[PDB]
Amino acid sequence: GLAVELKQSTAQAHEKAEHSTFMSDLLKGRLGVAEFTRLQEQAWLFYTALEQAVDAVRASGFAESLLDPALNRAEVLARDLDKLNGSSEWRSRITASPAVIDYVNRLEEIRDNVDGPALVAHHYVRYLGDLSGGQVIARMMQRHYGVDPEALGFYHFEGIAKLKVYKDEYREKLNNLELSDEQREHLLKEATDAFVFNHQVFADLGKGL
């Protein structure tokens, strides 16, 4: 089963990304709403790129059931940033950190190559991550930084009644994807690369704090 192999193959890079100093400090309450906002700004940049790549792969007829448009985060994230920042100023201010540039560049390569297996890897890392840990992170943002729950829309999936069932169904869709050995290896490799990109995003965010 691909779902199990993905979880095992990515374990090392996943642990390292999740336990970055930036995220560790954020979740312990050692930073502030500013740092959470910077994170969400960088995320808006990479989710925008990710969702271009998802759109292309879905349109090609690959992994359609997995690529549920209800998962789209970019618009919801923009609304969160409007509230966090207090205006639309952020759109003209924000720019990609070096890690985000590299991450976006890869996502754009995947988009332009319509690389379905690689896209699924990135989709897993971001969306299954959001579905799995979103409630935890959101709770920490309220507990530590007093973030308005209305500005945590990113962590809420409107089109999904029950997260546990959805995550189980997601993993089964992974299992049922028709993939050649070459495609599966490509996907597994990409999933580790995706965790590494995210680790580097956190490293940039944490620099000089």
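In this text, residue numbers run from 1 along the sequence as written. The term rigid core refers to the most C-alpha atoms you can superpose between the two forms while keeping them within 1.5 Å.
- Greater C-alpha displacement in 5 other deposited structures of this protein (rigid core superposition, RMS over structures and residues), of 188 to 196 versus 11 to 19: 11 to 19.
- As listed in the deposited structure, the average C-alpha B-factor of 25 to 33 and of 48 to 56 is greater for 25 to 33.
- Comparing 154 to 162 with 60 to 68, the higher mean C-alpha B-factor in the PDB entry belongs to 154 to 162.
- Comparing the listed residues 122, 93, 79, 139, the entry records the largest Cα B-factor for 93.
- Note on 86, 98, 116, 134: the highest value goes to 134, judged by CA B factor as recorded.
- Among the modelled residues of the chain, residue 183 sits in the middle third by CA temperature factor in this PDB entry.
- Ranked by Cα temperature factor within the chain, residue 148 sits in the middle third according to the deposited record.
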